[PDB]
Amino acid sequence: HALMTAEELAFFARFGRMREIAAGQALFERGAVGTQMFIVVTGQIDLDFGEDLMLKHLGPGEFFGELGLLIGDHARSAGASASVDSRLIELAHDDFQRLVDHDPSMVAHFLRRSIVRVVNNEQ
């Protein structure tokens, strides 16, 4: 599972912003354009990779959408939706660029863990 560090949670939250999403609501659809990533801080997000694949359940501290964030014109690999009332850190393209500028070391450590996760990965 994902899981940010405490330092990441605090900083991504400050550079990004919070987003509330109700039980049953869609955050984005599979195959859609999307340039922001998200961190679950309360509740649960379900990822739907289409076809007959297992759903992934993401609880507090887990992140997703970094591909949309990091790769231009990426199409969302899964649909994202809220299982229950949830709250998220939403981090946009510009926010991430700011973060890299202010704290490249922390970002490098994050990107590194991302790569490990993403080569793991793909149902």
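All residue numbers are counted from 1 along the displayed sequence.
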**Q.** Between 36-44 and 73-81 (mean CA B-factor, as deposited), the higher
**A.** 73-81
Q: Using only the Cα atoms and their B-factors as the entry lists them, report which of 60-68 and 45-53 averages higher.
A: 45-53
(Q) Can you tell me which of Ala22, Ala108, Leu9, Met18 has the maximum CA B-factor listed in the PDB entry? (A) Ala22
Q) Which third, lowest, middle or highest, does the CA B-factor of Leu91 fall in along this chain? A) middle
**Q.** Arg113 CA temperature factor, ranked by third within the chain
**A.** middle
